[PDB]
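*Asks:* Provided herewith: final04.cif, mmCIF, C-alpha atoms.
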data_run
loop_
_atom_site.label_atom_id
_atom_site.label_comp_id
_atom_site.auth_asym_id
_atom_site.auth_seq_id
_atom_site.Cartn_x
_atom_site.Cartn_y
_atom_site.Cartn_z
CA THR Z 70 0.00 0.00 0.00
CA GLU Z 71 0.94 3.68 -0.18
CA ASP Z 72 1.76 3.86 3.53
CA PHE Z 73 3.92 0.76 3.06
CA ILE Z 74 5.76 2.55 0.24
CA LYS Z 75 6.29 5.58 2.50
CA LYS Z 76 7.74 3.33 5.20
CA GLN Z 77 9.99 1.66 2.63
CA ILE Z 78 11.20 5.08 1.44
CA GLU Z 79 12.05 6.08 5.01
CA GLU Z 80 13.85 2.77 5.56
CA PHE Z 81 15.78 3.27 2.33
CA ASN Z 82 16.86 6.76 3.40
CA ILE Z 83 18.05 5.46 6.77
CA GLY Z 84 19.86 2.58 5.08
CA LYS Z 85 21.50 4.94 2.60
CA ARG Z 86 22.81 7.02 5.49
CA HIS Z 87 24.04 3.87 7.25
CA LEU Z 88 25.78 2.60 4.11
CA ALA Z 89 27.45 5.98 3.61
CA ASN Z 90 28.67 5.72 7.20
CA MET Z 91 29.93 2.18 6.59
CA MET Z 92 31.88 3.15 3.47
CA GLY Z 93 33.13 6.36 5.07
CA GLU Z 94 31.61 8.74 2.54
CA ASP Z 95 29.41 11.81 2.74
CA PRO Z 96 25.76 10.76 3.20
CA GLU Z 97 24.62 13.93 1.43
CA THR Z 98 26.49 13.04 -1.78
CA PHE Z 99 26.09 9.24 -1.80
CA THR Z 100 24.61 8.56 -5.23
CA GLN Z 101 22.80 5.42 -6.35
CA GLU Z 102 25.93 4.25 -8.17
CA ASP Z 103 27.88 4.48 -4.92
CA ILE Z 104 25.12 2.47 -3.23
CA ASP Z 105 25.37 -0.24 -5.89
CA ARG Z 106 29.16 -0.40 -5.70
CA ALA Z 107 29.08 -0.58 -1.90
CA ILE Z 108 26.46 -3.33 -1.94
CA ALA Z 109 28.43 -5.31 -4.53
CA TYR Z 110 31.57 -5.01 -2.42
CA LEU Z 111 29.92 -5.87 0.91
CA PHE Z 112 27.67 -8.61 -0.52
CA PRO Z 113 29.56 -10.20 -3.41
CA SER Z 114 27.56 -12.61 -5.54
CA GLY Z 115 28.74 -14.52 -8.59
CA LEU Z 116 25.22 -15.43 -9.65
CA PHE Z 117 24.91 -14.76 -13.37
CA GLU Z 118 21.40 -13.32 -13.11
CA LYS Z 119 21.94 -9.65 -12.28
CA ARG Z 120 18.37 -9.46 -10.97
CA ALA Z 121 19.24 -12.18 -8.43
CA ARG Z 122 22.19 -10.33 -6.89
CA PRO Z 123 21.67 -8.27 -3.72
CA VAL Z 124 20.03 -4.90 -4.34
CA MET Z 125 19.24 -1.92 -2.11
CA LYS Z 126 17.74 0.44 -4.67
CA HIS Z 127 15.06 3.05 -4.07
CA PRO Z 128 11.58 1.65 -3.32
CA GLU Z 129 10.37 3.42 -6.47
CA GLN Z 130 12.45 0.89 -8.42
CA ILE Z 131 12.35 -2.22 -6.21
CA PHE Z 132 8.59 -2.15 -5.91
CA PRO Z 133 6.57 -2.60 -9.12
CA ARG Z 134 5.22 0.65 -10.53
CA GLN Z 135 1.73 -0.88 -10.65
CA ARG Z 136 1.30 1.08 -7.39
CA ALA Z 137 -1.28 0.38 -4.69
CA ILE Z 138 -5.03 0.55 -5.30
CA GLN Z 139 -5.81 3.17 -7.95
CA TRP Z 140 -8.50 4.82 -5.81
CA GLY Z 141 -8.56 6.87 -2.63
CA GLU Z 142 -10.38 6.25 0.62
CA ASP Z 143 -13.68 7.24 -1.02
CA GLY Z 144 -13.07 4.57 -3.66
CA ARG Z 145 -13.13 6.96 -6.61
CA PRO Z 146 -10.42 5.95 -9.10
CA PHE Z 147 -7.83 8.59 -9.91
CA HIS Z 148 -7.72 8.02 -13.68
CA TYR Z 149 -10.79 8.63 -15.82
CA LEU Z 150 -10.01 5.61 -18.03
CA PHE Z 151 -9.61 3.26 -15.07
CA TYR Z 152 -12.62 1.10 -15.93
CA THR Z 153 -11.03 0.23 -19.28
CA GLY Z 154 -8.67 -2.01 -17.30
CA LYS Z 155 -5.81 -0.61 -19.42
CA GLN Z 156 -5.87 3.02 -18.34
CA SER Z 157 -2.21 3.61 -19.23
CA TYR Z 158 -2.44 2.14 -22.73
CA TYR Z 159 -5.75 3.78 -23.57
CA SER Z 160 -4.66 7.12 -22.11
CA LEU Z 161 -1.57 6.93 -24.31
CA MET Z 162 -3.74 6.10 -27.32
CA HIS Z 163 -6.06 9.00 -26.51
CA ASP Z 164 -3.12 11.40 -26.30
CA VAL Z 165 -1.71 10.13 -29.60
CA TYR Z 166 -5.12 10.54 -31.24
CA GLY Z 167 -5.36 14.08 -29.90
CA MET Z 168 -1.93 14.79 -31.35
CA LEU Z 169 -3.08 13.46 -34.72
CA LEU Z 170 -6.20 15.64 -34.57
CA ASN Z 171 -4.05 18.69 -33.80
CA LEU Z 172 -1.76 17.80 -36.71
CA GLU Z 173 -4.81 17.72 -38.96
CA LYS Z 174 -5.86 21.09 -37.53
CA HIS Z 175 -2.49 22.73 -38.23
CA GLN Z 176 -2.20 21.24 -41.72
CA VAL Z 194 14.61 5.26 -39.34
CA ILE Z 195 18.42 5.28 -39.23
CA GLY Z 196 19.59 5.17 -35.61
CA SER Z 197 16.41 4.18 -33.80
CA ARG Z 198 13.92 1.31 -33.65
CA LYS X 3 -38.88 -29.09 -92.55
CA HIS X 4 -37.62 -25.62 -91.72
CA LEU X 5 -35.26 -23.70 -93.97
CA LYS X 6 -31.65 -24.63 -93.33
CA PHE X 7 -28.53 -22.59 -92.56
CA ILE X 8 -30.50 -20.13 -90.42
CA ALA X 9 -30.82 -21.74 -86.99
CA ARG X 10 -27.58 -22.15 -85.01
CA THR X 11 -25.57 -20.65 -87.88
CA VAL X 12 -22.57 -18.37 -87.39
CA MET X 13 -20.66 -16.71 -90.23
CA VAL X 14 -16.88 -17.06 -90.06
CA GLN X 15 -15.27 -13.62 -89.91
CA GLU X 16 -12.08 -13.30 -91.98
CA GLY X 17 -11.43 -17.02 -91.73
CA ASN X 18 -11.39 -16.98 -87.91
CA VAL X 19 -13.06 -20.37 -87.65
CA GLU X 20 -12.14 -20.86 -83.99
CA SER X 21 -13.78 -17.60 -82.92
CA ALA X 22 -16.93 -18.43 -84.89
CA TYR X 23 -17.11 -21.87 -83.26
CA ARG X 24 -16.63 -20.28 -79.84
CA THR X 25 -19.47 -17.85 -80.54
CA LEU X 26 -21.74 -20.68 -81.68
CA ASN X 27 -20.92 -22.72 -78.58
CA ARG X 28 -21.57 -19.71 -76.35
CA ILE X 29 -24.91 -19.09 -78.08
CA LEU X 30 -25.95 -22.71 -77.53
CA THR X 31 -24.82 -22.55 -73.90
CA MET X 32 -26.75 -19.32 -73.32
CA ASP X 33 -29.85 -20.93 -74.82
CA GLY X 34 -29.18 -24.03 -72.71
CA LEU X 35 -29.07 -26.36 -75.71
CA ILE X 36 -25.76 -27.96 -74.69
CA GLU X 37 -27.03 -28.74 -71.19
CA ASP X 38 -30.28 -29.95 -72.76
CA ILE X 39 -28.39 -32.46 -74.91
CA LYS X 40 -26.22 -33.57 -71.99
CA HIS X 41 -29.30 -34.17 -69.84
CA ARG X 42 -31.12 -35.88 -72.71
CA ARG X 43 -28.30 -38.36 -73.31
CA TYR X 44 -29.86 -40.57 -70.62
CA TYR X 45 -33.37 -40.47 -69.22
CA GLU X 46 -33.77 -38.37 -66.08
CA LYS X 47 -36.65 -39.71 -64.02
CA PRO X 48 -39.34 -37.10 -63.25
CA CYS X 49 -38.72 -37.12 -59.49
CA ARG X 50 -35.00 -36.64 -60.09
CA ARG X 51 -35.67 -33.86 -62.59
CA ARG X 52 -37.98 -32.06 -60.17
CA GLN X 53 -35.45 -32.38 -57.35
CA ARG X 54 -32.67 -31.03 -59.56
CA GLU X 55 -34.79 -28.11 -60.78
CA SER X 56 -35.84 -27.18 -57.25
CA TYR X 57 -32.24 -27.38 -56.05
CA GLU X 58 -31.07 -25.21 -58.94
CA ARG X 59 -33.76 -22.61 -58.23
CA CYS X 60 -32.87 -22.53 -54.54
CA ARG X 61 -29.16 -22.27 -55.36
CA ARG X 62 -29.75 -19.40 -57.77
CA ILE X 63 -31.93 -17.55 -55.25
CA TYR X 64 -29.34 -18.04 -52.50
CA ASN X 65 -26.50 -16.94 -54.79
CA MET X 66 -28.35 -13.80 -55.85
CA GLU X 67 -29.17 -12.93 -52.23
CA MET X 68 -25.57 -13.54 -51.14
CA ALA X 69 -24.24 -11.43 -54.02
CA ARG X 70 -26.60 -8.61 -53.05
CA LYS X 71 -25.49 -8.89 -49.42
CA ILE X 72 -21.81 -8.83 -50.36
CA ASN X 73 -22.27 -5.83 -52.66
CA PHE X 74 -24.18 -4.00 -49.92
CA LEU X 75 -21.58 -4.77 -47.25
CA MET X 76 -18.53 -4.02 -49.40
CA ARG X 77 -19.48 -0.33 -49.38
CA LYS X 78 -17.93 -0.26 -45.89
CA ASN X 79 -14.68 -1.81 -47.18
CA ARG X 80 -12.67 1.41 -47.07
CA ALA X 81 -9.84 2.89 -45.04
CA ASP X 82 -10.57 3.19 -41.34
CA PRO X 83 -11.73 6.79 -40.76
CA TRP X 84 -11.22 6.67 -36.98
CA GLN X 85 -7.97 4.74 -36.56
CA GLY X 86 -6.65 4.64 -33.02
CA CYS X 87 -10.10 4.49 -31.41
#
Any chance you could give the structure as structure tokens?

*Replies:*
Amino acid sequence: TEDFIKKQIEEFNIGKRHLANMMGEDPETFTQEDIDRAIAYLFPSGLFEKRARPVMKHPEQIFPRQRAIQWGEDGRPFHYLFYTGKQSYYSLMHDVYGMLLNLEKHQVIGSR
Amino acid sequence: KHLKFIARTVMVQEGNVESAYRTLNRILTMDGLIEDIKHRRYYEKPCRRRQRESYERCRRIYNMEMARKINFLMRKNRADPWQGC
């Protein structure tokens, strides 16, 4: 839940400070890359699957971005296309269609 | 008893015998004479003939209705005017 995510964020901040203390670096300038290097040094793992090695990333990345329930206490969903079951995809399609309509109003090499 | 070289007669145009024969065969087929001869080679019993005629009539009616339906529905076979919705 959202409160669980807040608790995880607080725990991650405290752990980041503790890891900066352990590695003897400034907690205020301890980037995510420093966190990863410190974790790899303190908890070495030769497992080939990188997703299986120890990780202490931000909760925004460790937890799936599917988020908690998509409605508040009142139960009203936040997104107006929620009942489509694919609110992200259909919102993206709606935005693209609006862009095409605006293009109608007004009027390959290094990418895949 | 009738006068000859009038019925089922096609004049050959510039020696094109094959085209004249094709025209004559098409005329006979359009008039159903070829199918008449093929059916008259052996006796078709009246019940069998009635069944065949009824089946042919039903098949023609169904084919005409299906053709009309396909022609009516193919008017919508165009580019999607509301793509992305």

*Asks:* Could you state which residues are captured by the PyMOL selection byres ((chain X) within 12 of (chain Z)) in this file, as a list in words?

*Replies:*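 Here the PyMOL selection byres ((chain X) within 12 of (chain Z)) matches residues 84, 85, 86 and 87 of chain X.
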
*Asks:* Go through Z:105, Z:143, Z:173, Z:72 and flag the residue nearest residue 89 in chain Z, using all atoms listed in the file for the distances.

*Replies:*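 Distance minimum relative to residue 89 in chain Z lands on Z:105.
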
*Asks:* Can you list, as a PDB file with C-alpha atoms, keeping the file's coordinate frame, the residues that the PyMOL selection byres ((chain X and resi 11) around 12) selects here?

*Replies:*
ATOM      1  CA  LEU X   5     -35.260 -23.700 -93.970  1.00  0.00           C
ATOM      2  CA  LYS X   6     -31.650 -24.630 -93.330  1.00  0.00           C
ATOM      3  CA  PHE X   7     -28.530 -22.590 -92.560  1.00  0.00           C
ATOM      4  CA  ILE X   8     -30.500 -20.130 -90.420  1.00  0.00           C
ATOM      5  CA  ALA X   9     -30.820 -21.740 -86.990  1.00  0.00           C
ATOM      6  CA  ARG X  10     -27.580 -22.150 -85.010  1.00  0.00           C
ATOM      7  CA  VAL X  12     -22.570 -18.370 -87.390  1.00  0.00           C
ATOM      8  CA  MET X  13     -20.660 -16.710 -90.230  1.00  0.00           C
ATOM      9  CA  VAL X  14     -16.880 -17.060 -90.060  1.00  0.00           C
ATOM     10  CA  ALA X  22     -16.930 -18.430 -84.890  1.00  0.00           C
ATOM     11  CA  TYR X  23     -17.110 -21.870 -83.260  1.00  0.00           C
ATOM     12  CA  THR X  25     -19.470 -17.850 -80.540  1.00  0.00           C
ATOM     13  CA  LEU X  26     -21.740 -20.680 -81.680  1.00  0.00           C
ATOM     14  CA  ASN X  27     -20.920 -22.720 -78.580  1.00  0.00           C
ATOM     15  CA  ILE X  29     -24.910 -19.090 -78.080  1.00  0.00           C
ATOM     16  CA  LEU X  30     -25.950 -22.710 -77.530  1.00  0.00           C
TER      17      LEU X  30
END

*Asks:* If I take CA of residue 121 in chain Z and CA of residue 98 in chain Z, how far is one from the other in Å, to one decimal?

*Replies:*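 Atom-to-atom, CA of residue 121 in chain Z to CA of residue 98 in chain Z, that is 27.1 Å.
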
*Asks:* Between CA of residue 91 in chain Z and CA of residue 107 in chain Z, what is the distance in Å, rounded to a tenth?

*Replies:*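 If I compute the distance from CA of residue 91 in chain Z to CA of residue 107 in chain Z, I get 9.0 Å.
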
*Asks:* Rounded to one decimal, what separation in Å do you get between CA of residue 53 in chain X and CA of residue 38 in chain X?

*Replies:*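 Computed distance, CA of residue 53 in chain X to CA of residue 38 in chain X, equals 16.4 Å.
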
*Asks:* I'd like to see the residues matched by the PyMOL selection byres ((chain Z and resi 127) around 9) on this file, and ideally I'd get them as a list in words.

*Replies:*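 Selected by the PyMOL selection byres ((chain Z and resi 127) around 9) in this file: residues 77, 78, 81, 82, 101, 125, 126, 128, 129, 130, 131 and 132 of chain Z.
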